[PDB]
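Novice: sequence unknown, structure follows:
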């Protein structure tokens with residue numbers, strides 16, 4: 001009946017998982033390729049190539065949603081460099097849903113199905129923080145490294161799918 005009341009935008013100290021997500025989308029070999037990833041600072045938890053023509057923004061929602069599903073029952077800090085996915089998760093998604101805009105034939109809202117899946121996935125972690133950090137950071141901080149890891153993994157997945165066919 002609504003969205004997740006305890007969803008926070010700052011890291012929680014006691015988290016089981018601190019994960020970084022990224023979606024990427026680019027033209028490779030005459031086609032729009034996309035990838036989505038979930039990583040720690042140092043290791044890839046999950047990464048996938050997504051369907052041809054997937055946008056960066058859709059990929060970012062898909063990565064975030066996957067982090068939520070994987071962290072079911074656990075305390076999760078997840079980072080995203082997408083203002084779009086951050087805002088969708090925290091604010092826009094639930095408004096669009098309550099207005100009936102997600103299940104409508106209106107194509108005025110992009111990524112309707114991913115947003116609905118994200119909204120459902122928000123309830124899975126025991127505790128949840130979805131944190132925005134600027135991407136493509138030159139910083140040496142953990143978050144800068146986690147985001148570069150996630151960007152790398154997402155891009156690697158999309159590219160690997162291309163050359164594996």
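Specialist: That came through, no problem. Numbers count the residues shown, from 1 in each chain.
Novice: From here on, just use CA atoms for contacts and neighbour counts.
Specialist: Will do.
Novice: ok, and what's touching the single longest helix found in the chain?
Specialist: Longest helix of the chain, by residue count under DSSP state H: helix 142-163. Helix 142-163 has contacts (Cα atoms under 8 Å, 6 or more residues apart in numbering) with 19-24, 28, 33-44, 47-50, 79-81, 133, 135-139.
Novice: 6 Å - rerun?
Specialist: The contact list for helix 142-163, computed with Cα atoms under 6 Å, 6 or more residues apart in numbering, reads 20-22, 34-37, 39-41, 47-49, 137.
Novice: can you give me the helices for the chain?
Specialist: Going by DSSP H, the chain shows helices at 56-70, 83-87, 93-98, 112-121, 142-163.
Novice: Can you say which of those helices is packed in most?
Specialist: helix 56-70 (a mean of 25; mean count of other Cα atoms under 10 Å).
Novice: and that one with helix 112-121, angle?
Specialist: For helix 56-70 against helix 112-121, the angle by axes from the mean of the first three to the mean of the last three Cα atoms, to 10 degrees is 30 degrees.
Novice: Leaving out chain neighbours, which residue sits closest to residue 20?
Specialist: residue 79 (4.7 Å; Cα to Cα, 6 or more residues apart in numbering).
Novice: doesn't residue 18 make contact with that neighbour?
Specialist: No: here residue 79 does not reach residue 18: they are 7.8 Å apart, not a contact under Cα atoms under 6 Å.
Novice: Now the common contact residues for these two.
Specialist: In contact with both residue 79 and residue 18: no residue, using Cα under 6 Å, 6+ apart.
Novice: Have a look at those two and say which one is more surrounded.
Specialist: residue 79 (30 against 21; other Cα atoms under 10 Å).
Novice: Tell me what that one is bridged to.
Specialist: Residue 79 has these beta-bridge partners by DSSP bridges: residue 20, residue 131.
Novice: same question, residue 125
Specialist: Assessed by DSSP bridges, residue 125 has beta-bridge partners residue 72.
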